[PDB]
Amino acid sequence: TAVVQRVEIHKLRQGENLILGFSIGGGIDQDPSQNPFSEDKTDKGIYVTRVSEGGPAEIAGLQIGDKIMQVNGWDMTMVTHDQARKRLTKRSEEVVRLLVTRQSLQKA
């Protein structure tokens, strides 16, 4: 089935911006049916839709299709898009410790 893993990403300080190098989709305030990475099309959780090449997230292990369970202690399963966006962009945290799950593959 699906395996659970944790990814720790050190943000990239570009001038005055902090970059993680990935994109998200999902959230309770969004239509879960438009999600190709979730087995259950009702799942409105947060998912990684993009991972920039040579970015912090890619180097850290983040993979497209990964579902973000929690970020630095905060839960990410029952939040809105903006909420997840804010919890990943808190300027006071140079690092984000992600708890994610991904189709384990290796499941022939």
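The term rigid core refers to the maximal set of C-alpha atoms that superpose within 1.5 Å between the two forms. Quick note: we count residues from 1 along the sequence shown, nothing fancier.
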| property | result |
| --- | --- |
| Of 91 to 99 and 12 to 20, which departs more from this form in 5 other deposited structures of this protein by CA RMS after core fitting | 12 to 20 |
| Comparing 40 to 48 with 54 to 62, the one whose average Cα B-factor in the PDB entry is higher | 40 to 48 |
| Comparing 99 to 107 with 4 to 12, the one whose average Cα B-factor in the PDB entry is higher | 99 to 107 |
| Within-chain third of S23 by Cα B-factor, per the entry | lowest |
